[PDB]
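For reference, the chains in residue letters:
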Amino acid sequence: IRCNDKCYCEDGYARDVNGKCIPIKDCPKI
Amino acid sequence: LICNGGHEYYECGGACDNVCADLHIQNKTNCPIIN
Amino acid sequence: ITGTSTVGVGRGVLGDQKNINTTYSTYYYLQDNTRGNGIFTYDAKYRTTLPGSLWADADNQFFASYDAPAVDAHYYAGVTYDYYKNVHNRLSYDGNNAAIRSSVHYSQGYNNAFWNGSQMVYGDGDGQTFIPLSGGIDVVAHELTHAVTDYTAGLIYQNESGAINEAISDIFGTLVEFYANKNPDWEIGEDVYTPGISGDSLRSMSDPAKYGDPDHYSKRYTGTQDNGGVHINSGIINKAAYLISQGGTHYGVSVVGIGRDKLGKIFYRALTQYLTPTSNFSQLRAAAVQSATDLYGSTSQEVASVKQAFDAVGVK
Ligand SMILES: [Ca+2]
Ligand SMILES: [Ca+2]
Ligand SMILES: [Ca+2]
Ligand code: NA
Ligand SMILES: [Zn+2]
């Protein structure tokens, strides 16, 4: 219904298991 | 707000973040969730 | 499931009693076989797995606090189905009686609702700024209208096409709210937003500027936040739709109101016949003007009022 008040990872980065934004090249398989 | 854990930022934006586990189906710019 | 079509009773988010169409097979399920290929309501149980479990109840009485979001998701989905069927001769969101699926209790403290291409999903809210979002008929109808748009115009959810996508949802969300005719208004989400503030809402169609949204093209947001302002720039279109229906004077420009039914007819035709995935605000104007021409003729008040309303919000 509205936008989401959120923290987002920067482009190039993604959340690990810990919830930390890390370089996408450091993400694991899945 | 603040969003100070590293390589992140605040916005009132879309529903999807970049999450390592989900990158294969969705990300910030390819998000199927319509608010 | 397959069983016997029954009528249960419960209480929604705002504490109002209502009857709901259920299906009995050992348990009573929130499965309404009276509308198309069914309306199905699921429990996501504070998790993010979708759709979760088809809602099962032992006695067909849905009066527990935990039941309330499900009652309203199910009921309001039904109302929205009836609106599209009865008013626009449209059978479910795809026009082919697609099953309508909704999940409630999504995640925890989740201050939003959505359509995900397959189903509706409602958070419970954090309890202070939102309560469970299925409590708002406008919110429910807004989400299902996203499905309608998907299957018709395909308005890309970004920039101007995305703001049109949003406004279409607020327009029909509001028209479904009026159709049900309980406590209708031209505000969005008033029934589930800030339970400790009366009189406010998430957005206003009558006065988008009340919550910082533009009410004129000259004030459009052109940055990248919120998918290029889809929930912001929708104000411009919402204000035009409000003026078409209700009339008024806006930055000195008067518009003659033609009422909600004609508004809905004009915009439904625009959405289903004239809009495309890349439509911008000028193209929506052309679409609404052509729709009103088809329906009412070039010399009509209706055509003139569409032109005046888009002029008043600076959309040429
Ligand atoms: Ca019960
Ligand atoms: Ca409303
Ligand atoms: Ca409030
Ligand atoms: Na209302
Ligand atoms: Zn929306």
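Looking at this structure, I do not really get the interface of chain B and chain A. What am I missing?
Accessible area lost when the parts come together is the quantity often used to give the size of an interface. Across the contact, 21 residues belong to chain B and 22 residues belong to chain A. A buried area of about 2,000 Å², summed over both sides, lies between chain B and chain A, and 55% of it is on carbon and sulfur atoms. Here chain B is connected to chain A by three salt bridges. When the shortest N-O distance is used, the salt bridge between B:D17 and A:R15 registers 2.9 Å. Our count for the contact surface shared by chain B and chain A stands at 18 residue pairs in polar contact. Residue composition of the side of chain B that touches chain A, grouped by class: ten nonpolar, seven polar and four charged. Bridge count between strand β1 (residues 4-9) of chain A and strand β1 (residues 8-13) of chain B: six bridges; the pairing is antiparallel. Each residue of the ladder has a partner; that of A:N4, found in β1(B), is B:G13.

Is there a simple way to think about the coordination of the calcium ion (ligand 2) in this case?
Around a metal, the idealised angle for a tetrahedral arrangement of four donor atoms is 109.5 degrees; for an octahedral arrangement of six donor atoms it is 90 or 180 degrees. All names here are of chain C. Around the calcium ion (ligand 2), the protein contributes the donor atoms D138 (OD), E177 (OE), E177 (OE), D185 (OD), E187 (O), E190 (OE) and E190 (OE), at 2.3 to 2.6 Å from the metal centre. Mapped onto the sequence, the residues coordinating the calcium ion (ligand 2) show the spacing D-x38-E-x7-D-x1-E-x2-E. The two metals, the calcium ion (ligand 2) and the sodium ion (ligand 4), are separated by 3.8 Å and share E177 as a common coordinating residue. Residue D138 is located in helix α2 (residues 137-151), and its partner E187 is located in strand β12 (residues 187-188); the two are separated by 49 residues in the primary sequence.

Is there a simple way to explain helix α6 (residues 260-274) of chain C in this structure?
The periodicity of an α-helix, 3.6 residues per turn, causes residues three or four positions apart to be oriented the same way. Residue and element names in this part refer to chain C. Helix length check: α6 (15 residues) gives 20 Å between terminal C-alpha atoms against 21 Å at 1.5 Å per residue, within 8%. Among the residues making up α6, those that are buried are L263, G264, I266, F267, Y268, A270 and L271. On the buried face of α6, the contacting elements are α1 (68-88), α2, α3 (159-180), α5 (234-246), α7 (281-296) and α8 (301-312).

Would you take a moment to explain the coordination of the zinc ion (ligand 5) for this structure?
Every protein donor of the zinc ion (ligand 5) is accounted for by B:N35 (O), C:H142 (NE2), C:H146 (NE2) and C:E166 (OE), and the metal-donor separations fall at 2.0 to 2.1 Å. Because the angles between the four donor atoms bound to the zinc ion (ligand 5) fall within 95 to 122°, the donor set is best described as tetrahedral. Note that C:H146 is positioned in helix α2 and C:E166 in helix α3, a separation of 20 residues in sequence. For the pair shown, C:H146 and C:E166 are each scored as buried.

Would you mind going over the sheet that holds strand β8 (residues 61-62) of chain C with me for this structure?
In a beta sheet, neighbouring strands pair by backbone hydrogen bonds and run either parallel or antiparallel. All names here are of chain C. Taking strand neighbours across the sheet as the criterion, the five strands line up as β7-β3-β2-β1-β8 in an open arrangement whose pairing is mixed. Edge positions in the sheet fall to β7 (56-57) and β8, since each of these pairs with one other strand and no more. Both strand β3 (residues 27-29) and β7 contribute to a ladder of two bridges, which runs antiparallel. Residue pairing across strands places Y29 opposite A56, the latter belonging to β7.

What am I meant to see in the interface of chain C and chain A here?
Residue-level contacts link 14 residues of chain C with four residues of chain A. Inspection of the region where chain C meets chain A yields zero salt bridges. The interface formed by chain C and chain A includes seven residue pairs in polar contact. In terms of residues, the side of chain C that touches chain A owes the most to one element, α2(C), which gives three residues. Across the side of chain C that touches chain A, the residue classes break down as seven nonpolar, three polar and four charged.

What counts and how
Residues numbered from 1 in each chain as written, not as in the entry; some residues may be left out. Chains lettered and ligands numbered in written order. Heavy atoms only, no water. Contact = heavy atoms within 4.5 Å. Buried area = accessible area lost by both parts, 1.4 Å probe. Salt bridge = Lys/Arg side-chain N within 4 Å of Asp/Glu carboxyl O. Polar contact = N/O pair within 3.5 Å; in protein donor to acceptor, adjacent residues only side chain to side chain. Nonpolar A, V, L, I, M, F, W, Y, C, P; charged D, E, K, R; others polar. Pairing = 2+ DSSP bridges. Helix = DSSP H or I, 4+ residues; strand = E, 2+ residues; numbered from the N terminus. Donors = N, O, S within 2.8 Å, 3.2 Å for Na, K, Ca; no water. Expected span 1.5 Å × (residues − 1). Buried < 20%, exposed > 50% of the residue type's maximum accessible area, 1.4 Å probe, protein only. Tetrahedral: all angles 85-135°; square planar, octahedral: opposite > 155°, others 65-115°.

What is shown is where atoms sit, not what they do.
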